[PDB]
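Keeping their order, the protein sequence lines are chains A and B. Here our numbering is used: the first residue of the first sequence is 89, the next is one more, and so on. Here our numbering is used: the first residue of the second sequence is 89, the next is one more, and so on. Report on one structure; see the data block that follows.
2 protein chains.
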Amino acid sequence: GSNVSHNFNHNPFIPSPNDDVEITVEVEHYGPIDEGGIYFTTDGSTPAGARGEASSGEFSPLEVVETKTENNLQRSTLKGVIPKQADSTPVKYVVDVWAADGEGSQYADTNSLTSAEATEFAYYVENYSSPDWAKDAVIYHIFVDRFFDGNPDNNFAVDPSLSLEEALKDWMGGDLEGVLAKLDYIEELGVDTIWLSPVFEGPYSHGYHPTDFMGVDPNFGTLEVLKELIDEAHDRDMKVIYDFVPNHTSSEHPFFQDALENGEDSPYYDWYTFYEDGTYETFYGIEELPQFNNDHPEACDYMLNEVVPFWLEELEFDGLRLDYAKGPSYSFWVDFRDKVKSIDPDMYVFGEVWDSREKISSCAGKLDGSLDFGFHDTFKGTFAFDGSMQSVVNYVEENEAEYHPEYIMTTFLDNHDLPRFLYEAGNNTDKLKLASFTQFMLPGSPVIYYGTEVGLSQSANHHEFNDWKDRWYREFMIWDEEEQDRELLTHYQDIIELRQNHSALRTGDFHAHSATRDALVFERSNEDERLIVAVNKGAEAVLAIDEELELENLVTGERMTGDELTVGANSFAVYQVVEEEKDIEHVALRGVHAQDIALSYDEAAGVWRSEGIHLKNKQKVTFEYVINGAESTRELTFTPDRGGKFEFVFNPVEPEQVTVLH
Amino acid sequence: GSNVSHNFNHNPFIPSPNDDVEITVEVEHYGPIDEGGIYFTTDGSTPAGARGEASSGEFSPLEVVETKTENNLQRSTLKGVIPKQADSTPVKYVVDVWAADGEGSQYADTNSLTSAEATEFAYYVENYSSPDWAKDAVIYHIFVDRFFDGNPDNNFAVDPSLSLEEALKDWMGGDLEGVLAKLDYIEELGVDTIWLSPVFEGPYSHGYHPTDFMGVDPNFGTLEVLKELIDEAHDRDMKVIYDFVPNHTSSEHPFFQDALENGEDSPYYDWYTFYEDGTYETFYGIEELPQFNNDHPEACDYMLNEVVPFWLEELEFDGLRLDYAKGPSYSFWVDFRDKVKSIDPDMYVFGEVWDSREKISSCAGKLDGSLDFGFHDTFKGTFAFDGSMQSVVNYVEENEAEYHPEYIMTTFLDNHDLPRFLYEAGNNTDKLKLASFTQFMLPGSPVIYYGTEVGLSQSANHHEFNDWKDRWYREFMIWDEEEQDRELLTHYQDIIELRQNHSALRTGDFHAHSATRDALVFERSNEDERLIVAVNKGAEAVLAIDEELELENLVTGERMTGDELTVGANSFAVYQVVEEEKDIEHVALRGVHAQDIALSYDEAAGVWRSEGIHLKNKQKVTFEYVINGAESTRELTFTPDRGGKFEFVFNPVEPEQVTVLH
Ligand SMILES: [Ca+2]
Ligand SMILES: [Ca+2]
Ligand SMILES: [Ca+2]
Ligand SMILES: [Ca+2]
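Next up, the structure:
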């Protein structure tokens, strides 16, 4: 009948408990369409409605703002708002568009005629924030089966008669008891967070084919060993993150087998997406990986009210890494965030999203962050494939301009699914020293694949193989200190101690000064210190610094006053500038009332806030923040669509952020 | 399993009988994909194949040209070529991509696992050409029920007791006998082509709900009256075009009723797209307009081997206007062109495509042209809604850069579906004089809605209504010479006699000199004459001509030597420049061999051709055409992917066209 298209286009994509949410819908129709409607919910119930009559939830109308006729087809634009909701509230809504004095309705995105087969949109109403510990976190991503074998008695599926090509895709015996033993070495490395490979009872050594969402495979140990590991890692002030697989199970899961035999008389038939011809929804056509239907009400309750608290509340994990966060819906992640952030708002929830950064942005407001694949892709091509250092800068610059400031991009060089950096760099550890150094001097949360610090690479070429190319990314950790690259280990320990002792290197603004191919200098702003980083992977060259200032090589406690500097060949260093920068003492507000309004500092947060100013609706305000009667923030703007007593907040780390928070 | 995407991306989109056709396929996959394949056909049979084994047709492989891994997903590019085919050949092909040493296959665009549910691509192998008479054609689009009532005895469904609001959407009595009577008036207007509204036996007076594809509704007359009309219009050297409805029937069609009752035991059950729950494919949700399934083999044979020859061969129509050409597939139109162009290659086949010009371009090679909706949209907003004359120039310029030179864009101001121009221009006939003049001085084939020349407009406002807003675009033709706008008629007759007596105004190059808002001057190049057109819909102004040359107002046989000219207010004129331009006498070819190769003229066509030069495959040639040892075509390029003895052709109307035709 037409083409209703909403596509999650709600105006405040990350809504506060104050602002209303404007829903804009584009419709391409032949016959008439006159008005639509929103049928949104506040509890966890599924929303439904039709032609202005809501079945479960409240109603809000869609009204034609713009319309015309282009190439004999009529193009109208419908708009409506969802009323503001309280903090920590999951809003699910469905959208339809019909014609007054007509027969029927048509829903959003799916163009369905009924609410049941329509797209279910959702967002989470909350002052969006990520755990502050996750911003400063340095993560040691370990593959449990390939780390250490602290107990050979748990190696039930290990066949020692296998060759390396045959054992690397099978079980090798790494267990959670080994992570307990080598916990001193992990702590000596300097990391403050441990990311554990999946430990589900599955038929494969990687654990991504769960046959029990709430059970540890005996090949890795027991829950008590896991509880002992997490508790011992907690007594060292380290955090533990679990690699969580919510999208799919294996065909061997008791739920899938019971549904595969009993059919519709099975309690788990609707827990998967079975089709009317025997086919079922799967993960990329893998018949052994049926997609777990998290959009089913009784299955979404099992994942959220049974499985997730088992790992976060019972086993006391500190966070979850979500395998294939694209699988489940946004309406599931909105429910997921309300569940995990009600247990503890300091529980790190970041996902593995195989998509561009313009689509990873849609996960903001639901997840605390994601894995920076753009970091991976634009670091191999630069440091391992000899690229331009601009693609490094062109990556950092576009992260600031696209991602929400609270979104945490976890950066990495290797994966259990991607080739090792050392092997892609020809085992030239000088390039890995540059990448690991540049990473720990760039914004984000660095992740260290378990073997990288000792030179663990690939014992074979992956291009020579098929299907199981990922054998050689999951080789066993080397502990023989003769076979280890102790120079690389002492390098990783030193680049960690620097980042862990300089807040500007973790949560500081980024600014590039000069950069050529195989040459880059940049700075890391803050409010307590500044730093200058210089990295070159080619010949020696000179790069032009903006200002002129004395420096201090943090490694070799020297100094250097100059306007330029000659970065060495295949060398790198980070310099700390020395500035008696007068800290913030007074912040005023110029542009709202007749005279400047002096703000008051909040020591709990790090912001300056106004007192309580009334504003008229849709009134285009225009103002700025002055600093100690000297410099001033460039002019801002804001429209208070609903209410009056709105408050002005000034975060000096994000000064241009128009955060007129009620 | 992946995302195979071909999207009709064959390199020669309009293939000659000489060039091979390169098929490029983009695949976004997780697991491996190593090779694909093309399964193309030459006859009318449906193509099918799997994993290199073709079921109906020949096989051509798809090989990975490029590949990488981006954001943990692998992106490969498959390529293969379809061998060159003879002239007048319909190539249908299907495309799949699989993994060697894998299990199964996956097909193009639909991502289906079988060939039956895959996208069926097609193109037509032919030296693409549109009927030369259709390029110069001036069309008089009449709505048969609203023209003249030459026989009141055929008004079976006319209810004289109805009001105008109720009769304008019902039957009024216009018949083909009236078109016979008023044929002198149509010929006096000057048009050389008549476009007839649909005459199918349907339940509505517009005829777009056919209940008999090969039957004339008695409310319009008989076949003999239609045969008499077409024959009488032929004896006056006029052409007749039929408005053809191939996409859908009405629910009252005997085929649909028999299938609606007998079900799968009906011979026409597969002739529509019935769904397994009682729903059926329809035209924009209209349950009374079920979509006729032209992709069914037995239905495509009924349309092409029974219905189309009934109108083009039996009733001896000169062409078909195709209602909603987007409905049927491209694989249907490839069959459709092979059928109508085998009856007579001088049969005009142009379609009604409700889409952007970048998508109307895909109909080139299958249809002779289309209706220029961009002309309509960007002429109401300019001449009836007071816009910029640049949007007129920005429309003509983008037609040259996007459309194939043989594609014929039929321009119009009104439709039976769009509001009248006079009513959108506030009955200000001075604006309609400007639009009708500017139209007949612009490239394309002008179409005249039946009432426009006598000031026929709308007796009511369409915004006041719903569903049947198109009553007021289909009002009855006025014949009382007092109620007619004879000034507008004498205007249309004069702007026709000019275009019909100046070949540069029909098939001549377009060049804009100066243009402001409500002001425009341009020229129309050719090889026998040049013209200058000046149009202003605002106040008087002066526009800067490029060169300086004397002119001649074709209306008032005056002259004017100057470098600029002052176009009047709400006035317009077309001037013919006077130039003793030495015609083409010698054309040589500089760049292929060591010395210039003199070309020979072909009087049958209008081109200069080479003699027969051998070329190596993929050899980047670079050459030009010199004219009478004076000016030269700017350097061209060409690669002969297959063969040797290729010939060079020079069309002086399209000189930059690299037509190295074998
Ligand atoms: Ca996975
Ligand atoms: Ca695998
Ligand atoms: Ca129609
Ligand atoms: Ca209608």
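Note that beta-carbon positions come from the ideal geometry of N, C-alpha and C, so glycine has one too.
inquiry  = Just checking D558/A against ligand 6 - is the residue's beta carbon closer than 6 Å to any of the ligand's heavy atoms?
reply    = Among the ligands modelled here, namely ligand 1, ligand 2, ligand 3 and ligand 4, ligand 6 does not occur.
query = Between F362/A and the rest of its own chain, which residues show a CB-CB distance below 6 Å, the 5 nearest in sequence each way excluded?
reply = If we look at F362/A and ignore the five residues flanking it on each side, its Cβ neighbours are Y368.
task = Name the one or two DSSP bridge partners that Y368/A has.
result = Paired residues: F362/A.
DSSP beta-bridge partners of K156/A = DSSP output for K156/A lists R163/A as bridge partner(s).
Rounded separation between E151/B and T727/B - CA only = Each residue's Cα considered, the two are about 21 Å apart.
request  = Return yes when the C-beta of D411/A is under 6 Å from any heavy atom of ligand 1, and no when it is not.
outcome  = Checking every heavy atom of ligand 1 against the Cβ of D411/A, one is found closer than 6 Å.
Contiguous alpha helix (DSSP H) assignments of at least 4 residues, all confined to the region 484-516 of chain B = Restricting attention to alpha helix (DSSP H) runs no shorter than 4 residues, the region 484-516 of chain B encloses them at 509-512, ordered along the chain.
ask   = So is the beta-carbon of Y216/B under 6 Å away from any non-hydrogen atom of ligand 1?
value = No, the beta carbon of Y216/B sits no closer than 6 Å to any heavy atom of ligand 1.
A204/A - containing alpha helix (DSSP H), residue span = Element bounds for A204/A: n/a, residue is neither H nor E.
ask   = Using a beta-carbon distance cut-off of less than 9 Å, what residues from the region 158-172 of chain A approach chain B?
value = Result list: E158, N159, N160, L161.
request  = Look up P149/B in the DSSP assignment and say whether it is helix, strand or coil.
outcome  = Strand at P149/B.
key: C-beta neighbour in chain A for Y372/B, strict 7 Å   = Contacts with chain A at 7 Å (Cβ-Cβ) include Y372/B.
query = Does the Cβ-Cβ distance between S218/A and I431/A come in under 7 Å?
reply = No, Cβ-Cβ distance for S218/A and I431/A is not below 7 Å.
ask   = Which full runs of the alpha helix (DSSP H) of 4+ residues lie inside the region 329-357 of chain B, going along the chain?
value = Listed in chain order, the complete alpha helix (DSSP H) runs (minimum 4 residues) inside the region 329-357 of chain B are 342-350.
request  = Please name the residue or residues paired with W283/A in a DSSP beta bridge.
outcome  = Looking at the DSSP assignment, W283/A forms a beta bridge with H229/A, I329/A.
ask   = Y296/A: beta carbon under 6 Å from a heavy atom of ligand 1?
value = For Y296/A, the CB falls within less than 6 Å of some heavy atom of ligand 1.
key: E541/B (DSSP reduced to helix, strand or coil)   = Helix, per DSSP.
request  = Spatial neighbours of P306/B within its chain, please: CB distance less than 7 Å, with the 5 preceding and 5 following residues excluded, ordered by chain position.
outcome  = Close CB contacts of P306/B within its chain, under the 7 Å cut and outside five residues either way in sequence, are with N242, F244 (chain order).
query = Whose Cβ in chain B lies nearer than 8 Å to the Cβ of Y491/A?
reply = For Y491/A, there are no C-beta contacts with chain B under 8 Å, since the nearest C-beta of that chain is about 15 Å from it.
request  = In angstroms with no decimal places, state the Cα-to-Cα distance between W556/B and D258/B.
outcome  = Rounded to whole angstroms, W556/B and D258/B show a C-alpha spacing of 11 Å.
query = Where does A603/A sit, in a helix, a strand or coil, going by DSSP?
reply = Strand, per DSSP.
query = Do you know offhand how far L544/A's Cα is from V748/A's?
reply = Our two residues, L544/A and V748/A, have alpha carbons roughly 50 Å apart in a direct line.
key: Alpha-carbon to alpha-carbon, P493/A and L593/A   = Our two residues, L593/A and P493/A, have alpha carbons roughly 16 Å apart in a direct line.
request  = Could you check the C-alpha separation between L501/A and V535/A for me, to the nearest Å?
outcome  = Going by the C-alpha atoms only, they are around 8 Å apart.
task = Note down, in chain order, all residues in the region 104-133 of chain B with a beta-carbon under 9 Å from any beta-carbon belonging to chain A.
result = Of all residues in the region 104-133 of chain B, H117, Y118, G119, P120, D122 have a Cβ within less than 9 Å of some Cβ in chain A.
Nearest candidate by alpha-carbon position, reference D634/A, set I584/A, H384/A, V609/A, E570/A = Looking at the Cα atoms, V609/A is the closest of the given residues.
query = Taking buried to mean at least 16 other C-beta atoms within 10 Å of its own C-beta, is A627/A buried or exposed?
reply = Exposed, since its Cβ has fewer than 16 Cβ neighbours within 10 Å.
inquiry  = At the level of alpha carbons, what is the spacing between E699/B and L687/B?
reply    = The straight-line gap from Cα to Cα measures roughly 7 Å.
key: As assigned by DSSP and simplified to three states, the class of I121/A   = Of the three classes helix, strand and coil, the one that applies to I121/A here is coil, per DSSP.
request  = May I ask you to list the residues that DSSP assigns as paired with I701/B?
outcome  = According to DSSP, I701/B bridges with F734/B.
query = What number of angstroms, rounded off, separates the C-alpha of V304/B from the C-alpha of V313/B?
reply = A straight line joining the alpha-carbon of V304/B with that of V313/B spans about 10 Å.
task = Taking all protein chains shown into account, decide if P507/A is buried (16 or more other Cβ within 10 angstroms of its Cβ) or exposed.
result = By the neighbour-count criterion, in which a residue is buried when 16 or more other Cβ atoms sit within 10 angstroms of its Cβ, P507/A is buried.
query = In terms of residue numbering, what span does the alpha helix (DSSP H) encompassing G462/A cover?
reply = In the DSSP assignment, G462/A falls within the unbroken alpha helix (DSSP H) covering 461-467.
ask   = Residues of chain B with CB under 9 Å from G543/A, in chain order?
value = Correct list: empty, because the minimum Cβ distance to chain B is about 23 Å.
task = Run down chain E in chain order and give the residues with a C-beta less than 8 Å from the C-beta of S444/A.
result = In the structure shown, chain E cannot be found, because the protein chains are A and B.
task = Under 7 Å between beta-carbons, which chain A residues line up against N554/B? List them in chain order, please.
result = Under the 7 Å cutoff, chain A gives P120, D189.
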